[PDB]
Amino acid sequence: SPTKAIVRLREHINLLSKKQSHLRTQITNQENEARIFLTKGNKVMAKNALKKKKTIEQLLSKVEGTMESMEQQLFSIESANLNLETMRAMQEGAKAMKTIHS
Numbered sequence: 018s019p020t021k022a023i024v025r026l027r028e029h030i031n032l033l034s035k036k037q038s039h040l041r042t043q044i045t046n047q048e049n050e051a052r053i054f055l056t057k058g059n060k061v062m063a064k065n066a067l068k069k070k071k072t073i074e075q076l077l078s079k080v081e082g083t084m085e086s087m088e089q090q091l092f093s094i095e096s097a098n099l100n101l102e103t104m105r106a107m108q109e110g111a112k113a114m115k116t117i118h119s
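With the entry's author numbering applied, the sequence shown corresponds to residues 18 to 119, in that order.
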């Protein structure tokens, strides 16, 4: 059923939002690593920690983009159901017109 499909998509998004929070935390951690090297004076390793920060940022974008795709599919399903209800409404309007003509 499309309701079950929606529930599953929400379940996948929830798991991805756990990955999101993890990766956002890792981004802060990689920044902190770089800041530690900056206070040590090792700008080379600080830049390398920022390279790792950017790597996690790219992974975060992948997770967030995946959730977007799942939401688009989810909303498409809900929209399809709203279109079926709009169709039903139009069919009852047609029935009213049939009564007017009859």
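Backbone N, C-alpha and C define an ideal beta-carbon position, used for all residues, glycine too.
* Which residues mark the beginning and the end of the alpha helix (DSSP H) in which residue 86 is found? -> Note, residue 86: alpha helix (DSSP H), 60-118.
* Using the beta-carbon count (16 or more within 10 Å), is residue 47 buried or exposed? -> Only buried fits residue 47, as 16 or more other CB atoms lie within 10 angstroms of its CB.
* **Residue of 24, 50, 34, 21 minimising C-alpha distance to residue 85** => Of the listed residues, the one whose Cα sits closest to residue 85 is 34.
* Would you kindly work out how many angstroms separate the C-alpha atoms of residue 71 and residue 81, rounded to a whole number? => Our two residues, residue 71 and residue 81, have alpha carbons roughly 15 Å apart in a direct line.
* Under the rule that 16 or more other beta-carbon atoms within 10 Å means buried, what is residue 26, buried or exposed? -> It counts as buried.
* With 16 other CB atoms within 10 Å as the buried threshold, where does residue 97 fall? -> In this structure residue 97 is exposed. Its beta-carbon is surrounded by fewer than 16 other beta-carbon atoms within 10 angstroms.
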